[PDB]
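The figures here come from the full heavy-atom set of this structure, side chains too, leaving out hydrogens, waters and symmetry mates. In what follows, chains carry the letters A, B, and so on, assigned in the order in which the sequence lines appear, proteins first and then strands, with residues in each chain numbered from 1.
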Number of protein chains: 4
Amino acid sequence: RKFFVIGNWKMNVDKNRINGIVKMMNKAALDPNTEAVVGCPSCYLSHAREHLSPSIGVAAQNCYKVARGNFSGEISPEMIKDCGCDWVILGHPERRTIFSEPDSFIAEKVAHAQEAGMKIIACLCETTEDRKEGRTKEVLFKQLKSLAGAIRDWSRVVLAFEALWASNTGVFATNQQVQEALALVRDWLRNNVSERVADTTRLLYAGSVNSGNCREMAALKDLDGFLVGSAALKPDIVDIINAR
Amino acid sequence: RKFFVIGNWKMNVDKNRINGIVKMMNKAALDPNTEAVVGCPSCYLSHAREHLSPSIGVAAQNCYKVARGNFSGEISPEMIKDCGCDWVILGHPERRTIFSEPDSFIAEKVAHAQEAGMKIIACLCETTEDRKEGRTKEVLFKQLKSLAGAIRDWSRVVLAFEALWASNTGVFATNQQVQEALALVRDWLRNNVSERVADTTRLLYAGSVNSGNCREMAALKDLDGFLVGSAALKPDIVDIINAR
Amino acid sequence: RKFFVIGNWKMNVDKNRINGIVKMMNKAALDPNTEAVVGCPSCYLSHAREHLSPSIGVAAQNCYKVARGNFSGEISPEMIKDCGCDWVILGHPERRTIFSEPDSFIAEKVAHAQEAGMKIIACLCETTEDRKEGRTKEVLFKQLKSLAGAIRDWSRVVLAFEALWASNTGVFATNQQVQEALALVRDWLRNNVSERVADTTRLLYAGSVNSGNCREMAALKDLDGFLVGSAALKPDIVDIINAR
Amino acid sequence: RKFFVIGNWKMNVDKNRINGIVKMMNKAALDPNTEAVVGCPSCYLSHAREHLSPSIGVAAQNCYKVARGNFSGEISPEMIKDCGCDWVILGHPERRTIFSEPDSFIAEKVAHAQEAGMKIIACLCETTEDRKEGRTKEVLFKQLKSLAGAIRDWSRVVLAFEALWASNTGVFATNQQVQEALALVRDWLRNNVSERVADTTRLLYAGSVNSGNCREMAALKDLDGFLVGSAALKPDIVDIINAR
Ligand SMILES: [Cl-]
Ligand SMILES: [Cl-]
Ligand SMILES: [Cl-]
Ligand SMILES: [Cl-]
Ligand SMILES: [Cl-]
Ligand SMILES: [Cl-]
Ligand SMILES: [Mg+2]
């Protein structure tokens with residue numbers, strides 16, 4: 001499983017900031033054995049893709065569930081590809097919570113993105129309430145069951161897990177908690193899809209990884225890389241790419 | 001009130017289709033007394049702005065309610081301006097219905113778009129159900145009260161009204177019912193904001209307007225222009241801009 | 001209403017026969033006051049369009065209701081446009097009878113072809129059984145009601161009426177029966193859509209029309225042209241185009 | 001039995017997408033021991049055949065049951081051959097389900113395509129309601145008996161089996177389920193046609209095959225190749241052709 005790092009710029013960049021990040025990533029010595037991608041706002045996809053090293057992917061942060069139509073404010077996988085970009089993040093925790101996107105909606109998006117030839121970073125997450133009530137496994141099973149019902153080509157999927165109780169709360173997940181969550185996800189794939197898919201699907205930890213903790217975290221069992229928010233905007237992203 | 005036409009491309013264009021529309025609009029003999037704008041998918045804002053005559057505006061089809069932050073899949077007025085575009089459509093009926101955007105959410109967007117210096121096409125709509133339950137006044141007044149609370153500079157706002165019951169139900173809106181809906185909005189502004197605002201604010205009809213019915217609708221008493229979808233992709237958009 | 005003649009080649013041509021027909025139509029003296037179109041098999045659309053005079057349109061004989069997807073054997077309006085063609089025939093009596101296409105199916109096709117910017121020849125028909133049971137008004141009203149629910153841009157629609165009891169039966173419709181049916185359709189548009197649409201929409205007679213009866217039928221009050229089958233394969237199509 | 005791969009583009013391509021797929025397939029190092037075909041929309045048959053290496057066949061995705069006639073929207077094997085294409089897919093599960101094509105209709109098409117000298121990819125399928133109830137043998141034998149009655153020249157036929165219950169419920173058929181079904185089909189040929197026909201007829205699996213599982217599935221007993229949809233639009237089609 002090739003080490004995989006995606007830096008999600010969320011709604012935190014403009015053209016000037018992207019130019020600086022892209023120049024930094026273009027100039028740095030990057031581990032050739034890491035597959036690196038950046039998550040870019042829809043309005044900057046073409047700009048980012050034209051300037052960034054072609055070996056680094058560019059992902060839209062969301063898309064809709066059909067190729068065309070009367071859906072003001074939405075973009076399709078077909079339009080992302082038209083901007084030169086191969087990747088899309090689907091089911092991001094911010095869409096699931098702030099925008100209340102249901103699992104069935106995300107599944108419709110994943111299914112169409114797959115038909116369009118996209119590569120997908122599909123996100124899983126558990127809330128503070130989920131973890132306190134002991135529903136971690138229940139929520140992950142439900143989210144995975146929904147995703148797997150929409151996926152026909154697992155080779156073009158990467159999965160990311162975020163513990164929302166560890167995002168700007170004053171608490172981080174322990175190494176054991178991270179390893180146990182990703183081991184649960186891999187065992188789900190093994191038992192409900194196939195051993196081949198379990199053994200080849202990259203599982204990411206989405207959390208507060210940075211220069212100071214990435215090498216430690218990159219050695220965790222069942223971890224294949226990272227989905228990073230704030231470190232994507234900083235030199236830390238180079239160290240994370242280089243964590244192995 | 002300066003005649004105003006916005007052609008909304010929705011999710012129906014790619015870069016090649018935009019290139020054809022933009023060439024057509026750049027080359028067309030457009031009435032200098034019409035203010036013309038196109039509604040453009042977020043991923044093509046910069047492309048459209050860079051290729052479209054500067055005298056024609058470019059509108060994003062949606063935006064979020066703050067300038068920046070951890071909002072995957074959203075863009076801000078500040079980012080739209082960073083793409084060189086001055087306009088944003090807010091409260092479009094497709095967002096109100098398909099995406100269930102409540103008035104209070106649209107209000108937050110309109111307020112921050114006002115703060116950011118955007119020009120806004122703020123949309124009103126009456127559903128088929130609203131028409132049959134006889135609550136047209138009730139729903140339109142609630143929508144307007146919400147918008148007006150979020151607007152302190154009406155010079156940068158245009159209002160658009162869609163009768164959702166007038167598209168693909170078998171029932172067609174007469175010129176009389178269009179004029180009457182627009183006069184209702186205008187008098188609400190007279191009663192609840194100011195007569196100066198009512199006299200100066202452009203009120204648009206959003207509906208099935210094309211080369212065949214546009215000259216007749218452009219002469220309705222309280223109509224100041226059009227928000228059009230399908231015709232925006234056809235040569236009709238020039239005839240609509242030139243409807244007077 | 002500009003005189004309109006469409007020659008439908010149905011499934012009666014190969015490349016060689018198309019070359020013969022196209023050569024004949026290209027060289028013939030055609031009335032410039034007539035809008036001429038040919039109905040062409042899907043596999044020959046590009047060939048017909050690249051060889052036919054730019055003055056004469058090319059129409060596919062059918063299409064599906066979405067732009068793309070997992071629909072083996074179907075083509076979309078977007079693919080027809082990609083072949084350089086502007087027109088599609090929808091609801092042809094052969095598809096309503098042999099292929100049992102229901103009104104609601106044809107309505108989805110018309111609505112999507114409209115969204116895609118096609119020009120449409122939408123067909124109505126009464127069967128021998130309908131006429132025998134005195135249900136002529138009933139079936140035409142039902143078909144019209146369905147089509148009207150799907151049309152937003154009447155400027156891009158032509159309607160054609162076929163009396164199937166006049167097709168390879170040994171009975172022809174009289175000129176009086178044709179005028180009565182077309183006047184029925186035009187008054188339905190007056191009553192249920194608008195006077196302006198009734199005034200401007202071309203109504204065609206689909207039936208056995210050839211050199212010997214085209215001038216007489218072309219003088220019928222509510223007839224605006226012809227949807228021709230067998231004469232489209234013969235020099236007669238030139239006389240029909242020139243019937244006024 | 002020569003390994004056989006058909007990549008069905010369904011209704012998912014335009015001329016641009018074909019040109020990229022065709023250049024990729026043209027430039028690839030393809031196993032000369034694989035017979036490769038692509039399934040092409042009717043309106044692009046000539047375009048695909050004219051741009052594709054002669055080593056790769058081109059199949060229409062459907063046709064009608066006679067050579068010519070008053071059948072708007074239909075094409076014949078004779079017309080497909082006139083476009084230079086040798087193959088036709090008949091009985092595709094999308095035609096059997098979405099378009100409700102009955103076995104008797106499919107047999108009329110197969111018999112006429114045989115008369116016309118076509119090569120045929122004839123499809124079988126088991127729906128969700130079929131795997132449940134357990135009618136695997138009975139409905140498949142109905143489809144097979146119908147195809148066999150319409151075939152006098154098996155050298156020009158390939159059979160494809162789709163477990164529609166898999167794709168439609170979002171799961172994958174096991175390798176034992178695939179081998180069981182193809183062994184079932186071949187044993188039916190052995191007992192009801194001839195040993196020589198069972199021994200020489202290529203049986204394909206129609207399902208979600210991609211670069212990750214194609215080598216595994218290509219080694220399955222009684223499997224002679226693949227009918228693939230989504231992977232035909234991706235570089236995976238090269239890996240599938242080369243899976244042996
Ligand atoms: Cl990319
Ligand atoms: Cl993130
Ligand atoms: Cl602008
Ligand atoms: Cl609109
Ligand atoms: Cl044309
Ligand atoms: Cl009347
Ligand atoms: Mg008053």
Side chain to side chain, [X] and [Y], heavy atoms closer than 4.5 Å:
| X | Y | value |
| --- | --- | --- |
| A:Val22 | A:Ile56 | no |
| B:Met11 | B:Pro41 | no |
| B:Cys63 | B:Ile80 | yes |
| B:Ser72 | A:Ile89 | no |
| A:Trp9 | A:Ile21 | yes |
| A:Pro235 | A:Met24 | yes |
| B:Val88 | B:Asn62 | no |
| D:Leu30 | D:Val238 | yes |

Exercise. Step by step, work out the ring pair (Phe, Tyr, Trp, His ring centres under 6.0 Å) result for A:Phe4 and A:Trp87.
Key: CA-CA 13 Å; A:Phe4 184 102; A:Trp87 284 93; 5.2 Å; yes
Quiz item: Is there a side chain to side chain contact (heavy atoms under 4.5 Å, CB included) between A:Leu147 and A:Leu159 once you walk through the steps?
Solution: CA-CA 10 Å; A:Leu147 286 167; A:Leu159 297 175; 4.2 Å; yes
Distance from [X] atom [atom1] to [Y] atom [atom2], nearest 0.5 Å?
| X | Y | atom1 | atom2 | value |
| --- | --- | --- | --- | --- |
| A:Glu180 | A:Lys221 | CD | NZ | 9.0 Å |
| D:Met25 | D:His51 | CE | NE2 | 15.0 Å |
| D:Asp236 | D:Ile241 | CG | CD1 | 11.0 Å |
| A:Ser167 | B:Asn70 | OG | CG | 7.0 Å |
| A:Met217 | A:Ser208 | CE | OG | 8.5 Å |
| A:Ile151 | A:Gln114 | CD1 | CD | 6.0 Å |

Could you pull out the closest heavy-atom pair between [X] and [Y], with the gap in Å?
| X | Y | answer |
| --- | --- | --- |
| D:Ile240 | D:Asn210 | CD1-CA, 4.2 Å |
| B:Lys10 | A:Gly69 | CB-O, 3.9 Å |
| D:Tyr44 | D:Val13 | CE1-O, 3.6 Å |
| D:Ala232 | D:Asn8 | CB-N, 3.7 Å |
| A:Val110 | A:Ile120 | O-CD1, 3.7 Å |
| A:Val139 | A:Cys125 | CG1-O, 3.4 Å |

May I ask you to decide if [Y]'s main-chain N or O and [X]'s side chain share a donor-acceptor pair within less than 3.5 Å?
| X | Y | result |
| --- | --- | --- |
| D:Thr34 | D:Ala36 | no |
| A:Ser53 | A:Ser55 | yes |
| A:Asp31 | A:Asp239 | no |
| A:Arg49 | A:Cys83 | no |
| A:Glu162 | A:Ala206 | no |
| A:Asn242 | A:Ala29 | yes |
| A:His112 | A:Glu108 | no |
| A:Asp14 | A:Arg17 | yes |
| A:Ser146 | A:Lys142 | no |

Quiz item: Does the cation-pi check pass for A:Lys109 over A:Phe105, that is, NZ or CZ under 6.0 Å from the six-membered ring centre and within 45° of its axis?
Solution: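 Yes, a cation-pi geometry holds between A:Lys109 and A:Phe105.
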Self-check item: Charged tip of A:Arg152 within 45° of D:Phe172 ring normal and under 6.0 Å
Solution: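 Judged by the rule, A:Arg152 and D:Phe172 form a cation-pi pair.
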With a 4.0 Å cut-off on N to O distance, would you call [X] and [Y] a salt bridge?
| X | Y | value |
| --- | --- | --- |
| B:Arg95 | A:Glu74 | yes |
| B:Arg68 | B:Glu78 | no |
| A:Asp86 | A:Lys119 | no |
| A:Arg190 | A:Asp187 | yes |
| A:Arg156 | A:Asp153 | yes |
| A:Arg202 | A:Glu35 | yes |
| A:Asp224 | A:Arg1 | yes |

Quiz item: Got more than 12 heavy atoms from elsewhere within 6.0 Å of CG, A:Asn191?
Solution: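 Yes - once you tally the heavy atoms of other residues, nucleotides and ligands closer than 6.0 Å, there are more than 12.
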Quiz item: Should we say atom NZ of A:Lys23 is surrounded by more than 12 heavy atoms from elsewhere, each under 6.0 Å from it?
Solution: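 For A:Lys23, atom NZ is not crowded (no more than 12 foreign heavy atoms under 6.0 Å).
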Quiz item: Can you list the steps and then say if A:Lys15 with B:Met79 is a side chain to side chain contact (heavy atoms under 4.5 Å, CB included)?
Solution: CA-CA 8 Å; A:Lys15 267 186 212 159; B:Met79 294 156 61; over 6 Å; no
Exercise. Evaluate side chain to side chain contact (heavy atoms under 4.5 Å, CB included) for A:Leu203 paired with A:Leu189, printing each intermediate quantity in order.
Key: CA-CA 11 Å; A:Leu203 308 187; A:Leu189 298 173; 4.3 Å; yes
Quiz item: Taking the inter-plane angle between the rings of A:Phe226 and A:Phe3 on a 0 to 90° scale, is it parallel (under 30°), tilted (30 to 60°) or perpendicular (over 60°)?
Solution: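 If you compare the ring of A:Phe226 with that of A:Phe3, the planes turn out perpendicular.
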Quiz item: A:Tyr205 vs A:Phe161 aromatic rings, parallel, tilted or perpendicular, using cut-offs 30° and 60°?
Solution: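 Rings of A:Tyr205 and A:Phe161: tilted, 30 to 60°.
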Exercise. With salt bridge (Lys or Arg N to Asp or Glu O under 4.0 Å) as the test, would you mind laying out the steps for A:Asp103 and A:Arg96 before giving the verdict?
Key: CA-CA 8 Å; A:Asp103 282 295; A:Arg96 289 173 182 274; 2.8 Å; yes
Practice problem: Apply side chain to side chain contact (heavy atoms under 4.5 Å, CB included) to A:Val158 and A:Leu204, showing your working. | Solution: CA-CA 8 Å; A:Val158 166; A:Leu204 316 182; 3.5 Å; yes
Exercise. May I ask you to check whether A:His47 and A:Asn19 show a side-chain donor-acceptor distance below 3.5 Å?
Key: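 Distance-only check passes for A:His47 and A:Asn19.
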